[PDB]
>>> print(open('run-v4.csv').read())   # CSV, N, CA and C atoms and all ligand atoms
chain,number,residue,atom,x,y,z
P,1,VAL,N,21.2,20.2,0.4
P,1,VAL,CA,20.1,19.7,-0.2
P,1,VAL,C,18.8,20.1,0.4
P,2,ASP,N,18.7,20.4,1.7
P,2,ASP,CA,17.5,20.4,2.5
P,2,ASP,C,16.5,21.4,2.0
P,3,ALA,N,17.0,22.6,1.5
P,3,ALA,CA,16.1,23.6,1.0
P,3,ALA,C,15.3,23.2,-0.2
P,4,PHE,N,15.7,22.2,-1.0
P,4,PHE,CA,15.0,21.8,-2.2
P,4,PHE,C,13.8,20.9,-1.8
P,5,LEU,N,13.8,20.3,-0.6
P,5,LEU,CA,12.8,19.2,-0.3
P,5,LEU,C,11.4,19.8,-0.2
P,6,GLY,N,10.5,19.1,-0.7
P,6,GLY,CA,9.1,19.4,-0.6
P,6,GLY,C,8.3,19.2,-1.9
P,7,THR,N,7.1,19.8,-2.0
P,7,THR,CA,6.2,19.8,-3.0
P,7,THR,C,6.1,21.1,-3.7
P,8,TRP,N,6.3,21.1,-5.0
P,8,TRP,CA,6.4,22.4,-5.8
P,8,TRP,C,5.5,22.3,-7.0
P,9,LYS,N,4.8,23.4,-7.4
P,9,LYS,CA,3.9,23.4,-8.5
P,9,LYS,C,4.3,24.5,-9.6
P,10,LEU,N,4.2,24.1,-10.8
P,10,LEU,CA,4.7,25.0,-11.9
P,10,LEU,C,3.8,26.2,-12.0
P,11,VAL,N,4.4,27.4,-12.1
P,11,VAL,CA,3.6,28.6,-12.2
P,11,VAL,C,4.1,29.4,-13.4
P,12,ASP,N,5.2,29.1,-14.0
P,12,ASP,CA,5.6,29.9,-15.3
P,12,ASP,C,6.5,29.0,-16.1
P,13,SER,N,6.5,29.2,-17.4
P,13,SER,CA,7.4,28.5,-18.3
P,13,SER,C,7.7,29.3,-19.6
P,14,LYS,N,8.9,29.4,-19.9
P,14,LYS,CA,9.4,30.1,-21.1
P,14,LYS,C,10.3,29.2,-22.0
P,15,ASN,N,9.9,29.1,-23.2
P,15,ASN,CA,10.6,28.4,-24.3
P,15,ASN,C,10.7,26.9,-24.1
P,16,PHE,N,9.6,26.3,-23.5
P,16,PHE,CA,9.6,24.8,-23.4
P,16,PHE,C,9.5,24.2,-24.8
P,17,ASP,N,8.7,24.9,-25.6
P,17,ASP,CA,8.6,24.3,-27.0
P,17,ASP,C,9.9,24.1,-27.7
P,18,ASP,N,10.7,25.1,-27.6
P,18,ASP,CA,12.0,25.1,-28.3
P,18,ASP,C,12.9,24.0,-27.8
P,19,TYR,N,12.8,23.8,-26.5
P,19,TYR,CA,13.6,22.7,-25.8
P,19,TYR,C,13.1,21.3,-26.3
P,20,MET,N,11.7,21.1,-26.3
P,20,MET,CA,11.2,19.9,-26.8
P,20,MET,C,11.5,19.6,-28.2
P,21,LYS,N,11.4,20.7,-29.1
P,21,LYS,CA,11.7,20.5,-30.5
P,21,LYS,C,13.2,20.0,-30.7
P,22,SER,N,14.1,20.6,-29.9
P,22,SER,CA,15.5,20.3,-30.0
P,22,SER,C,15.7,18.8,-29.7
P,23,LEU,N,14.9,18.3,-28.8
P,23,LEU,CA,15.1,16.9,-28.4
P,23,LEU,C,14.4,15.9,-29.4
P,24,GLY,N,13.6,16.5,-30.3
P,24,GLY,CA,13.0,15.7,-31.3
P,24,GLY,C,11.6,15.3,-31.0
P,25,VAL,N,11.0,15.9,-29.9
P,25,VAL,CA,9.7,15.5,-29.5
P,25,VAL,C,8.6,16.0,-30.6
P,26,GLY,N,7.7,15.1,-30.8
P,26,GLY,CA,6.8,15.4,-31.9
P,26,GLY,C,5.7,16.4,-31.6
P,27,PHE,N,5.0,16.9,-32.6
P,27,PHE,CA,4.1,18.0,-32.5
P,27,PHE,C,3.0,17.7,-31.5
P,28,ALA,N,2.4,16.5,-31.6
P,28,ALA,CA,1.2,16.2,-30.8
P,28,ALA,C,1.6,16.2,-29.3
P,29,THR,N,2.7,15.7,-29.0
P,29,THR,CA,3.1,15.7,-27.5
P,29,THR,C,3.5,17.0,-27.1
P,30,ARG,N,4.1,17.8,-28.0
P,30,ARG,CA,4.4,19.2,-27.6
P,30,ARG,C,3.1,20.0,-27.3
P,31,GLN,N,2.0,19.7,-28.0
P,31,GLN,CA,0.7,20.5,-27.7
P,31,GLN,C,0.3,20.2,-26.3
P,32,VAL,N,0.2,18.9,-25.9
P,32,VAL,CA,-0.3,18.6,-24.6
P,32,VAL,C,0.6,19.1,-23.5
P,33,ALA,N,1.9,18.9,-23.7
P,33,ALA,CA,2.9,19.4,-22.8
P,33,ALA,C,2.9,20.9,-22.5
P,34,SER,N,2.5,21.7,-23.5
P,34,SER,CA,2.5,23.1,-23.3
P,34,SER,C,1.4,23.6,-22.4
P,35,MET,N,0.4,22.8,-22.2
P,35,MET,CA,-0.8,23.1,-21.3
P,35,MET,C,-0.8,22.3,-20.0
P,36,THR,N,0.3,21.6,-19.7
P,36,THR,CA,0.4,20.8,-18.5
P,36,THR,C,1.1,21.5,-17.4
P,37,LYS,N,0.6,21.5,-16.2
P,37,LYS,CA,1.3,22.1,-15.1
P,37,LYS,C,1.7,21.0,-14.0
P,38,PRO,N,2.9,20.6,-14.1
P,38,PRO,CA,3.3,19.5,-13.2
P,38,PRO,C,3.4,19.9,-11.7
P,39,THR,N,3.5,18.8,-10.9
P,39,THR,CA,3.8,18.9,-9.5
P,39,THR,C,5.1,18.1,-9.3
P,40,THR,N,6.1,18.7,-8.8
P,40,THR,CA,7.4,18.0,-8.5
P,40,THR,C,7.6,17.8,-7.0
P,41,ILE,N,7.9,16.6,-6.6
P,41,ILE,CA,8.1,16.3,-5.2
P,41,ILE,C,9.5,15.7,-5.0
P,42,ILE,N,10.2,16.3,-4.1
P,42,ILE,CA,11.6,16.0,-3.8
P,42,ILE,C,11.7,15.6,-2.3
P,43,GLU,N,12.2,14.3,-2.1
P,43,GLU,CA,12.3,13.8,-0.8
P,43,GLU,C,13.7,13.1,-0.6
P,44,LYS,N,14.0,12.9,0.7
P,44,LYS,CA,15.3,12.3,1.0
P,44,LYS,C,15.1,11.2,2.1
P,45,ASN,N,15.9,10.2,2.0
P,45,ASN,CA,15.9,9.1,3.0
P,45,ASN,C,17.4,8.8,3.2
P,46,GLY,N,18.1,9.3,4.1
P,46,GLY,CA,19.6,9.2,4.2
P,46,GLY,C,20.2,9.9,3.0
P,47,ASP,N,21.1,9.2,2.3
P,47,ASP,CA,21.7,9.7,1.2
P,47,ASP,C,21.0,9.4,-0.1
P,48,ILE,N,19.8,8.9,-0.1
P,48,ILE,CA,19.0,8.7,-1.3
P,48,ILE,C,18.0,9.7,-1.5
P,49,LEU,N,18.0,10.4,-2.7
P,49,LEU,CA,17.0,11.3,-3.1
P,49,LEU,C,16.0,10.7,-4.0
P,50,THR,N,14.8,11.1,-3.9
P,50,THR,CA,13.7,10.7,-4.8
P,50,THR,C,13.0,11.9,-5.4
P,51,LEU,N,12.9,12.0,-6.7
P,51,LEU,CA,12.3,13.1,-7.5
P,51,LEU,C,11.2,12.6,-8.3
P,52,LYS,N,9.9,13.0,-7.9
P,52,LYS,CA,8.7,12.5,-8.6
P,52,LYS,C,8.2,13.8,-9.4
P,53,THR,N,7.8,13.5,-10.6
P,53,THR,CA,7.1,14.6,-11.4
P,53,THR,C,5.8,14.0,-11.8
P,54,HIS,N,4.7,14.7,-11.4
P,54,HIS,CA,3.3,14.2,-11.6
P,54,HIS,C,2.6,15.2,-12.5
P,55,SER,N,1.7,14.6,-13.3
P,55,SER,CA,0.8,15.5,-14.1
P,55,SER,C,-0.3,14.6,-14.6
P,56,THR,N,-1.2,15.3,-15.4
P,56,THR,CA,-2.3,14.5,-16.0
P,56,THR,C,-1.9,13.9,-17.2
P,57,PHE,N,-0.7,14.2,-17.7
P,57,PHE,CA,-0.3,13.5,-19.0
P,57,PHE,C,0.7,12.4,-18.8
P,58,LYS,N,1.8,12.7,-18.1
P,58,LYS,CA,2.8,11.6,-17.8
P,58,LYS,C,3.3,11.8,-16.4
P,59,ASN,N,3.8,10.7,-15.8
P,59,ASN,CA,4.4,10.7,-14.5
P,59,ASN,C,5.8,10.0,-14.5
P,60,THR,N,6.8,10.7,-13.9
P,60,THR,CA,8.1,10.1,-13.7
P,60,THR,C,8.5,10.0,-12.3
P,61,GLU,N,9.4,9.0,-12.0
P,61,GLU,CA,10.0,9.0,-10.7
P,61,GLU,C,11.5,8.4,-10.8
P,62,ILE,N,12.4,9.1,-10.2
P,62,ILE,CA,13.8,8.6,-10.1
P,62,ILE,C,14.3,8.6,-8.7
P,63,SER,N,15.2,7.7,-8.3
P,63,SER,CA,15.9,7.7,-7.0
P,63,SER,C,17.4,7.6,-7.3
P,64,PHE,N,18.1,8.4,-6.6
P,64,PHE,CA,19.6,8.4,-6.8
P,64,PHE,C,20.4,8.9,-5.6
P,65,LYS,N,21.7,8.6,-5.6
P,65,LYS,CA,22.6,9.2,-4.7
P,65,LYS,C,23.4,10.3,-5.5
P,66,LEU,N,23.7,11.4,-4.8
P,66,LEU,CA,24.5,12.5,-5.4
P,66,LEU,C,25.8,11.9,-5.8
P,67,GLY,N,26.3,12.3,-7.0
P,67,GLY,CA,27.7,11.9,-7.4
P,67,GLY,C,27.8,10.5,-8.0
P,68,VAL,N,26.7,9.8,-8.1
P,68,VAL,CA,26.8,8.4,-8.6
P,68,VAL,C,25.9,8.2,-9.8
P,69,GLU,N,26.5,7.7,-10.9
P,69,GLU,CA,25.7,7.7,-12.2
P,69,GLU,C,24.6,6.6,-12.1
P,70,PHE,N,23.5,6.8,-12.7
P,70,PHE,CA,22.4,5.9,-12.8
P,70,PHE,C,21.8,5.9,-14.2
P,71,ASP,N,21.1,4.8,-14.5
P,71,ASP,CA,20.3,4.7,-15.8
P,71,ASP,C,18.9,5.4,-15.6
P,72,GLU,N,18.5,6.1,-16.5
P,72,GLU,CA,17.2,6.8,-16.5
P,72,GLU,C,16.4,6.7,-17.8
P,73,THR,N,15.1,6.4,-17.7
P,73,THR,CA,14.3,6.6,-19.0
P,73,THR,C,13.4,7.8,-18.8
P,74,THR,N,13.6,8.8,-19.7
P,74,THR,CA,13.0,10.1,-19.6
P,74,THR,C,11.5,10.1,-20.0
P,75,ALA,N,10.8,11.1,-19.7
P,75,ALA,CA,9.4,11.3,-20.1
P,75,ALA,C,9.2,11.1,-21.6
P,76,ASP,N,10.1,11.6,-22.4
P,76,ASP,CA,10.2,11.4,-23.8
P,76,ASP,C,10.7,10.1,-24.3
P,77,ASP,N,11.0,9.2,-23.5
P,77,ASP,CA,11.5,7.9,-23.8
P,77,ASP,C,12.9,7.8,-24.3
P,78,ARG,N,13.8,8.7,-23.9
P,78,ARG,CA,15.2,8.5,-24.1
P,78,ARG,C,15.8,7.6,-23.0
P,79,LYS,N,16.7,6.8,-23.3
P,79,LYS,CA,17.4,6.0,-22.3
P,79,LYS,C,18.8,6.6,-22.2
P,80,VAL,N,19.0,7.2,-21.0
P,80,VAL,CA,20.2,8.1,-20.8
P,80,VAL,C,21.0,7.6,-19.5
P,81,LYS,N,22.2,8.1,-19.4
P,81,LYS,CA,23.1,7.9,-18.3
P,81,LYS,C,23.1,9.3,-17.6
P,82,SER,N,22.7,9.2,-16.3
P,82,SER,CA,22.5,10.5,-15.6
P,82,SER,C,23.5,10.5,-14.4
P,83,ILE,N,23.8,11.8,-13.9
P,83,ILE,CA,24.4,12.0,-12.7
P,83,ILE,C,23.9,13.4,-12.1
P,84,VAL,N,23.6,13.4,-10.8
P,84,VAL,CA,23.1,14.6,-10.1
P,84,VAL,C,24.1,15.0,-9.1
P,85,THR,N,24.5,16.3,-9.1
P,85,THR,CA,25.4,16.8,-8.1
P,85,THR,C,25.0,18.2,-7.6
P,86,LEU,N,25.6,18.7,-6.5
P,86,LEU,CA,25.4,20.0,-5.9
P,86,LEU,C,26.6,20.9,-6.3
P,87,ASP,N,26.4,22.0,-6.9
P,87,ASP,CA,27.4,22.8,-7.5
P,87,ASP,C,27.0,24.3,-7.2
P,88,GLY,N,27.8,24.9,-6.4
P,88,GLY,CA,27.4,26.3,-6.0
P,88,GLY,C,26.0,26.5,-5.5
P,89,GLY,N,25.5,25.5,-4.8
P,89,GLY,CA,24.2,25.5,-4.2
P,89,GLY,C,23.1,25.1,-5.1
P,90,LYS,N,23.4,24.8,-6.4
P,90,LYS,CA,22.5,24.4,-7.4
P,90,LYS,C,22.4,22.9,-7.5
P,91,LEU,N,21.3,22.3,-7.8
P,91,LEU,CA,21.2,20.9,-8.1
P,91,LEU,C,21.3,20.7,-9.6
P,92,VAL,N,22.4,20.0,-10.0
P,92,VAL,CA,22.7,19.9,-11.4
P,92,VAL,C,22.6,18.5,-11.9
P,93,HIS,N,21.6,18.3,-12.8
P,93,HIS,CA,21.3,17.0,-13.4
P,93,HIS,C,21.9,17.0,-14.8
P,94,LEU,N,22.8,16.1,-15.1
P,94,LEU,CA,23.3,15.9,-16.5
P,94,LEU,C,22.9,14.6,-17.0
P,95,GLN,N,22.3,14.6,-18.2
P,95,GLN,CA,21.9,13.4,-19.0
P,95,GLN,C,22.8,13.2,-20.2
P,96,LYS,N,23.3,12.0,-20.5
P,96,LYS,CA,24.1,11.8,-21.7
P,96,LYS,C,23.5,10.6,-22.4
P,97,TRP,N,23.5,10.7,-23.8
P,97,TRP,CA,23.0,9.6,-24.6
P,97,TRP,C,23.5,9.8,-26.0
P,98,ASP,N,24.0,8.8,-26.7
P,98,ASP,CA,24.4,8.9,-28.1
P,98,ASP,C,25.3,10.1,-28.3
P,99,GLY,N,26.3,10.4,-27.5
P,99,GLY,CA,27.1,11.5,-27.7
P,99,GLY,C,26.5,12.9,-27.4
P,100,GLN,N,25.2,12.9,-27.1
P,100,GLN,CA,24.6,14.3,-26.8
P,100,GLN,C,24.6,14.5,-25.3
P,101,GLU,N,24.2,15.6,-24.9
P,101,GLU,CA,24.0,15.9,-23.4
P,101,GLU,C,23.0,17.0,-23.3
P,102,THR,N,22.2,16.9,-22.1
P,102,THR,CA,21.4,18.0,-21.7
P,102,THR,C,21.5,18.2,-20.2
P,103,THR,N,21.3,19.4,-19.8
P,103,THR,CA,21.4,19.7,-18.3
P,103,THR,C,20.1,20.3,-17.8
P,104,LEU,N,19.7,19.8,-16.6
P,104,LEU,CA,18.5,20.3,-15.9
P,104,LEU,C,19.0,20.9,-14.6
P,105,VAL,N,19.0,22.2,-14.4
P,105,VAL,CA,19.7,22.8,-13.3
P,105,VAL,C,18.6,23.5,-12.4
P,106,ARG,N,18.6,23.2,-11.1
P,106,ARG,CA,17.6,23.7,-10.2
P,106,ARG,C,18.3,24.7,-9.2
P,107,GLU,N,17.7,25.9,-9.1
P,107,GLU,CA,18.3,26.8,-8.1
P,107,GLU,C,17.2,27.5,-7.4
P,108,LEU,N,17.4,27.8,-6.1
P,108,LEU,CA,16.4,28.5,-5.3
P,108,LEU,C,16.8,30.0,-5.3
P,109,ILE,N,15.8,30.8,-5.7
P,109,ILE,CA,15.9,32.3,-5.7
P,109,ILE,C,14.7,32.9,-5.1
P,110,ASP,N,14.9,33.6,-4.0
P,110,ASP,CA,13.6,34.3,-3.5
P,110,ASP,C,12.6,33.3,-3.2
P,111,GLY,N,13.0,32.1,-2.7
P,111,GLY,CA,12.0,31.1,-2.2
P,111,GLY,C,11.3,30.4,-3.3
P,112,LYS,N,11.6,30.7,-4.6
P,112,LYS,CA,11.1,29.9,-5.7
P,112,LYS,C,12.1,29.0,-6.3
P,113,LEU,N,11.7,27.9,-6.9
P,113,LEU,CA,12.6,26.9,-7.5
P,113,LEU,C,12.7,27.2,-9.0
P,114,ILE,N,13.8,27.6,-9.5
P,114,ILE,CA,13.9,27.9,-11.0
P,114,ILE,C,14.7,26.7,-11.6
P,115,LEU,N,14.0,26.1,-12.6
P,115,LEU,CA,14.6,25.0,-13.4
P,115,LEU,C,14.9,25.5,-14.8
P,116,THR,N,16.3,25.3,-15.1
P,116,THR,CA,16.7,25.7,-16.4
P,116,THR,C,17.2,24.5,-17.2
P,117,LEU,N,16.6,24.3,-18.4
P,117,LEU,CA,16.9,23.2,-19.2
P,117,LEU,C,17.6,23.7,-20.5
P,118,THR,N,18.7,23.0,-20.8
P,118,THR,CA,19.5,23.4,-22.0
P,118,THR,C,19.8,22.2,-22.8
P,119,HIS,N,19.6,22.3,-24.1
P,119,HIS,CA,20.0,21.3,-25.1
P,119,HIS,C,20.3,22.1,-26.4
P,120,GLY,N,21.5,21.8,-27.0
P,120,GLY,CA,21.8,22.5,-28.2
P,120,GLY,C,21.9,24.0,-27.9
P,121,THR,N,21.2,24.8,-28.7
P,121,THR,CA,21.1,26.2,-28.5
P,121,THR,C,19.8,26.6,-27.7
P,122,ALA,N,18.9,25.6,-27.4
P,122,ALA,CA,17.7,26.0,-26.8
P,122,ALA,C,17.8,26.0,-25.2
P,123,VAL,N,17.3,27.0,-24.6
P,123,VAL,CA,17.3,27.2,-23.2
P,123,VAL,C,15.9,27.6,-22.7
P,124,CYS,N,15.4,26.7,-21.8
P,124,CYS,CA,14.0,26.9,-21.2
P,124,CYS,C,14.1,27.2,-19.8
P,125,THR,N,13.3,28.1,-19.3
P,125,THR,CA,13.2,28.4,-17.8
P,125,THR,C,11.8,28.1,-17.3
P,126,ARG,N,11.8,27.3,-16.3
P,126,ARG,CA,10.5,27.0,-15.6
P,126,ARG,C,10.5,27.3,-14.2
P,127,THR,N,9.5,28.0,-13.7
P,127,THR,CA,9.4,28.5,-12.3
P,127,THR,C,8.4,27.7,-11.6
P,128,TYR,N,8.8,27.2,-10.4
P,128,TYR,CA,7.9,26.4,-9.5
P,128,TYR,C,7.8,27.2,-8.1
P,129,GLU,N,6.7,27.1,-7.5
P,129,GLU,CA,6.5,27.7,-6.2
P,129,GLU,C,6.1,26.6,-5.2
P,130,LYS,N,6.4,26.8,-3.9
P,130,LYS,CA,6.3,25.7,-2.9
P,130,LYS,C,4.8,25.6,-2.5
P,131,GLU,N,4.3,24.4,-2.5
P,131,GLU,CA,3.0,24.0,-2.0
P,131,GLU,C,3.1,23.6,-0.5
J,201,LIG,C1,6.3,14.3,-16.5
J,201,LIG,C2,5.7,15.6,-16.9
J,201,LIG,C3,6.2,16.0,-18.3
J,201,LIG,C4,5.2,16.9,-19.0
J,201,LIG,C5,5.3,16.8,-20.5
J,201,LIG,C6,6.6,16.2,-21.0
J,201,LIG,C7,6.4,15.4,-22.2
J,201,LIG,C8,7.7,15.0,-22.9
J,201,LIG,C9,8.5,16.0,-23.5
J,201,LIG,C10,9.7,16.4,-23.1
J,201,LIG,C11,10.4,15.9,-21.9
J,201,LIG,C12,11.6,16.7,-21.5
J,201,LIG,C13,12.2,16.2,-20.2
J,201,LIG,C14,11.5,16.5,-18.9
J,201,LIG,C15,11.1,17.9,-18.7
J,201,LIG,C16,10.5,18.1,-17.3
J,201,LIG,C17,10.1,19.5,-17.0
J,201,LIG,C18,9.7,19.8,-15.6
J,201,LIG,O1,10.1,19.0,-14.8
J,201,LIG,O2,9.0,20.8,-15.6
>>> encode(input="run-v4.csv", output="structure tokens")
Amino acid sequence: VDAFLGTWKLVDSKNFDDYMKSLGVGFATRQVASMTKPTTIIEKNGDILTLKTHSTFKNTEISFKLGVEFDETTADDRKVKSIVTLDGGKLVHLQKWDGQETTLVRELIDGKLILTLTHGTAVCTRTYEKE
């Protein structure tokens, strides 16, 4: 886990709109979201991880232990059952609600943090660089 810790800022995004539309997010929120550049902060205290996502539009914060399910309310106001684990060096966050699922996978490549989000047929890639 140690290599993911720190402060990261978004520098590229591909197909976020398709991902948001798949989840049912409405047009007006997709407009603002397409022009937002979040800051993600990942920290650890023993076996507890804290992931903060900050922006001018919305802010989220979750705390969890790897491998242990938790309740989460997402930026889009879904109430989901989540679990985060380490799989081949990637941090894999799975969300489930009403029979559906989406995955948020984080990998380090060349010192950047790549976040891939998949729901349905839509796949979005977002690139973050370390601050
Ligand atoms: C908290 C910052 C979110 C910015 C706009 C999001 C508004 C809601 C729409 C879809 C939410 C999808 C779930 C979270 C995606 C987070 C993306 C990321 O961390 O870059």
>>> closest_residue(input="run-v4.csv", among="P:105, P:36, P:73, P:25", to="residue P:56", atoms="all atoms listed in the file")
P:36
>>> atom_distance(input="run-v4.csv", atom1="atom CA of residue P:59", atom2="atom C5 of ligand LIG 201 (chain J)")
8.6 Å
>>> residues_near_ligand(input="run-v4.csv", ligand="ligand LIG 201 (chain J)", cutoff="5 Å", atoms="all atoms listed in the file", output="JSON, numbers by chain")
{"P": [33, 53, 58, 59, 60, 75, 76]}
>>> write_last_selection(input="run-v4.csv", atoms="N, CA and C atoms", output="CSV table (one decimal), keeping the file's coordinate frame")
chain,number,residue,atom,x,y,z
P,33,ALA,N,1.9,18.9,-23.7
P,33,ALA,CA,2.9,19.4,-22.8
P,33,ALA,C,2.9,20.9,-22.5
P,53,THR,N,7.8,13.5,-10.6
P,53,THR,CA,7.1,14.6,-11.4
P,53,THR,C,5.8,14.0,-11.8
P,58,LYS,N,1.8,12.7,-18.1
P,58,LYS,CA,2.8,11.6,-17.8
P,58,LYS,C,3.3,11.8,-16.4
P,59,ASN,N,3.8,10.7,-15.8
P,59,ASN,CA,4.4,10.7,-14.5
P,59,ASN,C,5.8,10.0,-14.5
P,60,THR,N,6.8,10.7,-13.9
P,60,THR,CA,8.1,10.1,-13.7
P,60,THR,C,8.5,10.0,-12.3
P,75,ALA,N,10.8,11.1,-19.7
P,75,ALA,CA,9.4,11.3,-20.1
P,75,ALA,C,9.2,11.1,-21.6
P,76,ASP,N,10.1,11.6,-22.4
P,76,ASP,CA,10.2,11.4,-23.8
P,76,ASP,C,10.7,10.1,-24.3
>>> closest_residue(input="run-v4.csv", among="P:109, P:92, P:64, P:98", to="residue P:78", atoms="only C-alpha atoms")
P:98
>>> closest_atom_pairs(input="run-v4.csv", of="stretch 29-120 of chain P", to="stretch 5-10 of chain P", cutoff="7 Å", atoms="all atoms listed in the file", output="tab-separated table")
residue	atom	partner	partner_atom	distance
P:37	C	P:10	N	5.1
P:38	C	P:10	N	4.4
P:39	CA	P:8	C	4.5
P:40	N	P:8	C	4.1
P:41	CA	P:6	C	4.4
P:42	C	P:6	N	4.0
P:43	N	P:5	CA	5.3
P:44	N	P:5	CA	6.5
>>> residues_around(input="run-v4.csv", residues="residue P:62", least_positions_apart="3", cutoff="6.5 Å", atoms="all atoms listed in the file", output="number ranges by chain")
P: 49-53
>>> closest_residue(input="run-v4.csv", among="P:69, P:107, P:18, P:77", to="residue P:124", atoms="all atoms listed in the file")
P:18
>>> select_by_dssp(input="run-v4.csv", residues="chain P", states="alpha helix (DSSP H)", output="ChimeraX atom specification")
/P:16-23,27-34
>>> atom_distance(input="run-v4.csv", atom1="atom C of residue P:1", atom2="atom C of residue P:81")
21.4 Å
>>> closest_residue(input="run-v4.csv", among="P:96, P:14, P:112, P:106", to="residue P:130", atoms="all atoms listed in the file")
P:112
>>> atom_distance(input="run-v4.csv", atom1="atom C of residue P:55", atom2="atom CA of residue P:121")
28.0 Å
